[PDB]
Amino acid sequence: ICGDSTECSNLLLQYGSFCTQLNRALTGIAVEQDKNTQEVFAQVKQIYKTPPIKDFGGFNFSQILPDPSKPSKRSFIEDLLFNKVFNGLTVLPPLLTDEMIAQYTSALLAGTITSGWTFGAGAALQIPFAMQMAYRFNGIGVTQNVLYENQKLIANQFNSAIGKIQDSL
Amino acid sequence: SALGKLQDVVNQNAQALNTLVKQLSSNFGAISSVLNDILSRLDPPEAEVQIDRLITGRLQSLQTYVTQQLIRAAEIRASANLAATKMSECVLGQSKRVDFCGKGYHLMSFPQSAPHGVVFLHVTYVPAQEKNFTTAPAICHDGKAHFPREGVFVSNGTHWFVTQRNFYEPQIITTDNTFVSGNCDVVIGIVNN
Amino acid sequence: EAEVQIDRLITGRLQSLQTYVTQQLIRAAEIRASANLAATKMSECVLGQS
Amino acid sequence: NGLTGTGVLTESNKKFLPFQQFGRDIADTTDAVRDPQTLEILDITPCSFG
Amino acid sequence: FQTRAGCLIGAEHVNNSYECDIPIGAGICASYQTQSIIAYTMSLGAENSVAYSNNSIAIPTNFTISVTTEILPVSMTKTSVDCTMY
Ligand SMILES: *[C@@H]1O[C@H](CO)[C@@H](O[C@@H]2O[C@H](CO)[C@@H](O)[C@H](O)[C@H]2NC(C)=O)[C@H](O)[C@H]1NC(C)=O
Ligand SMILES: *[C@@H]1O[C@H](CO)[C@@H](O[C@@H]2O[C@H](CO)[C@@H](O)[C@H](O)[C@H]2NC(C)=O)[C@H](O)[C@H]1NC(C)=O
Ligand SMILES: *[C@@H]1O[C@H](CO)[C@@H](O[C@@H]2O[C@H](CO)[C@@H](O)[C@H](O)[C@H]2NC(C)=O)[C@H](O)[C@H]1NC(C)=O
Ligand SMILES: *[C@@H]1O[C@H](CO)[C@@H](O[C@@H]2O[C@H](CO)[C@@H](O)[C@H](O)[C@H]2NC(C)=O)[C@H](O)[C@H]1NC(C)=O
Ligand SMILES: *[C@@H]1O[C@H](CO)[C@@H](O[C@@H]2O[C@H](CO)[C@@H](O)[C@H](O)[C@H]2NC(C)=O)[C@H](O)[C@H]1NC(C)=O
Ligand SMILES: *[C@@H]1O[C@H](CO)[C@@H](O[C@@H]2O[C@H](CO)[C@@H](O)[C@H](O)[C@H]2NC(C)=O)[C@H](O)[C@H]1NC(C)=O
Ligand SMILES: *[C@@H]1O[C@H](CO)[C@@H](O)[C@H](O)[C@H]1NC(C)=O
């Protein structure tokens with residue numbers, strides 16, 4: 001309002017406390033932006049890692065798993081996403097960096113590839129990936145032999161459909 | 001013998017009412033902050049010009065208070081709608097939505113009243129003390145593939161059992177807990193038993 | 001004479017700053033609901049089968 | 001010359017046009033100037049605050 | 001100590017990672033340890049490799065009953081102001 005001039009600054013005192021309210025409001029909305037991120041991404045206790053030898057029954061997760069030779073250890077599809085999108089004014093940095101959030105999503109993704117839904121209810125219990133896929137088929141009302149007799153076709157369809165997200169983005 | 005999410009509402013509302021009260025002692029560019037000391041030592045033509053600045057400042061104070069109450073009541077309404085939905089889905093039923101009624105497999109919930117809110121006590125089931133086993137998708141017997149009806153095939157190292165998936169309780173593999181579909185030459189990982 | 005001219009600027013700049021701060025409250029209340037939906041989808045679609 | 005402000009002046013890598021006397025950016029703040037004796041253009045940076 | 005949030009004076013920069021205590025920003029937190037004030041990069045949690053293979057399964061042999069609380073605001077104070085008397 002004044003820009004470092006004592007004449008304007010003394011007249012401003014006559015307006016009371018409007019400018020302590022404005023700062024209180026902006027601080028209250030800058031704290032909840034970090035609260036917003038904490039409740040979407042910190043949904044794990046452990047940071048789970050995936051095994052070095054990756055045989056998941058024909059399913060291929062290589063375009064969504066972290067890539068060490070990339071920036072911030074992001075996945076291949078997390079990169080396409082980060083490439084597509086003075087006077088009393090300042091911008092505060094977020095509490096979680098982008099590296100930390102990519103770490104959180106890789107822990108969620110290694111928990112689900114490897115334990116199914118067990119890690120969101122307690123300790124993670126490993127199960128082979130095709131048997132997890134058979135449980136999920138049971139959950140929609142198809143029998144398990146329909147997965148086990150069509151494993152290679154279901155895995156090819158999944159791989160070919162993950163390959164199209166990458167093109168469309 | 002915790003409740004900060006309820007103390008935050010009390011504190012924010014008191015902190016707004018205090019600011020509204022305290023803005024009644026600014027001049028807003030008049031000679032006095034009290035209206036009677038403008039009325040007592042001034043006559044109508046010049047009392048009016050000083051009274052108008054007080055009216056202008058106090059109106060703006062009041063409008064800021066009311067707008068920020070309207071924005072905060074809309075946040076309280078979302079919370080109360082969520083608490084109504086939890087009362088219906090967690091206390092009057094058993095939910096399958098993950099994490100909706102506590103961490104773990106929801107069993108039941110009990111409500112308790114609080115000063116301007118509600119406390120839900122969620123009872124959940126949490127599995128414990130896991131052991132390692134060897135698995136197979138199907139069994140092969142007589143040139144037929146056998147699948148479990150509800151469970152998994154597990155091996156303790158030498159013997160094969162069926163168990164339910166959340167509690168270890170091994171049983172013999174019979175024609176009453178399995179079903180048949182096909183040959184044992186199409187599924188990847190059949191074992192012979 | 002400069003008091004009368006400085007007050008006209010003070011009033012305008014205060015109005016503009018307070019308009020900025022109201023519209024940010026209204027935009028943050030909308031980002032908050034989106035993040036609340038994202039937190040529910042992470043629980044119900046990623047750590048479960050819906 | 002009448003351009004009045006406060007800040008820290010450094011030497012720059014801009015190139016005005018012979019008739020141009022000072023530069024400004026988006027939001028219309030002055031961020032460069034030409035001084036009327038050396039004929040050199042200088043960057044203007046606000047003096048640290050926080 | 002120079003962070004990305006600014007310049008920090010009066011806190012020692014340790015090398016270990018704890019849970020966040022007071023958020024400084026851009027990944028840095030501070031805490032009162034032992035007796036002094038220290039500043040560190042926060043930790044996300046303990047690491048964990050799951051013994052995944054293609055014929056191994058983990059099955060629980062016991063359980064616990066858990067009870068936890070959840071608190072929700074329902075209401076606030078009803079206030080009125082007479083605009084004229086204010
Ligand atoms: C999973 O799919 C990826 C494709 O995205 C495979 O990796 C690429 O395969 C092509 C074809 O041989 C090579 O030219 C590339 O060099 C591979 N690496 C890339 C693109 O980073 C990968 O081999 C597949 N995984 C398995 C186990 O087959
Ligand atoms: C199931 O077996 C695996 C593999 O044998 C066990 O994984 C061990 O994990 C520890 C981590 O503290 C490693 O140091 C070992 O090298 C792993 N292999 C071993 C001990 O053979 C896993 O702990 C077992 N699970 C249960 C519930 O006993
Ligand atoms: C796997 O389980 C089987 C059956 O529970 C075990 O076989 C039995 O072991 C008991 C040990 O006291 C013997 O008395 C029985 O005669 C065995 N055969 C049966 C019940 O048919 C087997 O020992 C277990 N294997 C391992 C490695 O623990
Ligand atoms: C599961 O993985 C194991 C080990 O990675 C596989 O065992 C390998 O099987 C191939 C052919 O069946 C052999 O050539 C390898 O020598 C085996 N590895 C070892 C260490 O013995 C197994 O085939 C996989 N599939 C299952 C169990 O269905
Ligand atoms: C499981 O048992 C079957 C027999 O019931 C085995 O099948 C034989 O496999 C050999 C080698 O592949 C063939 O030469 C025979 O003709 C098969 N006989 C029959 C009746 O199918 C099978 O190899 C066994 N597999 C394991 C892992 O034990
Ligand atoms: C303004 O006048 C001064 C002299 O009063 C000029 O300064 C000279 O500038 C040249 C560069 O073109 C130097 O080589 C000389 O050494 C300078 N002399 C002195 C005494 O400073 C300056 O160029 C003049 N500028 C304009 C725009 O008229
Ligand atoms: C922290 O660890 C790094 C290791 O790269 C080391 O260079 C640095 O001196 C350490 N600082 C302290 C205070 O121990």
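Each chain gets a letter, A, B and so on, in the order its sequence line appears, and its residues count up from 1. Heavy-atom basis, side chains included; hydrogens, waters and symmetry copies ignored.
- Within the structure, every pair that satisfies the salt bridge (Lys or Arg N to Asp or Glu O under 4.0 Å) test and touches residues 33-50 of chain C, not counting sequence neighbours, is listed here: B:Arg97-C:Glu44.
- The backbone N or O of B:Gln129 sits less than 3.5 Å from a side-chain atom of E:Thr61, completing a donor-acceptor pair.
- In this pair, B:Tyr125 and E:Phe63 present their aromatic rings parallel. The plane angle is below 30°, not in the 30 to 60° band.
- In the displayed structure, C:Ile31 atom CD1 is contacted under 6.0 Å by at most 12 heavy atoms of other residues, nucleotides or ligands.
- Taking E:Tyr18 as the reference, E:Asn16 meet the side-chain hydrogen bond (donor to acceptor under 3.5 Å, both in side chains) condition, with sequence neighbours excluded.
- Residue pairs that meet the salt bridge (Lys or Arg N to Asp or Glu O under 4.0 Å) test with at least one member in residues 41-68 of chain A, sequence neighbours left out, are A:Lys49-E:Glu47.
- In D:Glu40, the CD atom is crowded: over 12 heavy atoms of neighbouring residues, nucleotides or ligands sit closer than 6.0 Å.
- Taking the six-membered ring where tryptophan is involved, the planes of B:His122 and B:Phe120 are essentially parallel, since the angle between them stays under 30° and well short of 60°.
- Around CZ of D:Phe49, the count of heavy atoms belonging to other residues, nucleotides or ligands within 6.0 Å exceeds 12.
- Partners of B:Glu169 according to the salt bridge (charged side-chain N to carboxylate O under 4.0 Å, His left out) rule, which considers only residues two or more places apart in sequence or in another chain, do not exist here.
- No donor-acceptor pair under 3.5 Å is formed between the side chain of A:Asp34 and the backbone N or O of A:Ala30.
- In this structure a side-chain-to-backbone donor-acceptor pair under 3.5 Å is present from A:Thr118 to A:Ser115.
- At a cut-off of 3.5 Å, with distance as the only test, a side-chain donor of A:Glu78 or A:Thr105 sits close to an acceptor on the other residue.
- Around the CG atom of A:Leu89, the shell of radius 6.0 Å holds more than 12 heavy atoms that belong to other residues, nucleotides or ligands.
- Contact annotation: the side chain of A:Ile113 approaches that of A:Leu65 to within less than 4.5 Å [non-hydrogen atoms, C-beta and beyond].
- Within 6.0 Å of CZ on A:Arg136 lie more than 12 heavy atoms contributed by other residues, nucleotides or ligands.
- Of the N and O atoms on the side chains of C:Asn36 and C:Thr40, not one donor lies less than 3.5 Å from an acceptor on the other residue.
- Heavy-atom contacts from other residues, nucleotides or ligands closer than 6.0 Å to CZ of C:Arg27 number 12 or fewer.
- At a threshold of 4.5 Å between non-hydrogen side-chain atoms, the residues C:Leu47 and A:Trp117 do not count as touching.
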| request: Show the numbers, then the answer: is there a ring-ring contact (aromatic ring centres under 6.0 Å, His included) between E:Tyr52 and A:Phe56? | output: CA-CA 10 Å; E:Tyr52 178 87; A:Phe56 302 113; 5.3 Å; yes
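- Applying the side-chain hydrogen bond (donor to acceptor under 3.5 Å, both in side chains) definition to pairs two or more places apart or across chains, none involves residues 6-15 of chain E.
- The side chain to side chain contact (heavy atoms under 4.5 Å, CB included) search around A:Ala123 returns B:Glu130, not counting sequence neighbours.
- Within the 3.5 Å criterion, the main-chain N or O of B:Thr124 finds no donor-acceptor partner in the side chain of E:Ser66.
- Judged by distance alone, with hydrogens and angles left aside, the side-chain atoms of A:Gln166 form no donor-acceptor pair with the main-chain N or O of A:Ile162 at under 3.5 Å.
- At least one donor-acceptor pair under 3.5 Å links the side chain of B:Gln94 to the backbone N or O of B:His106.
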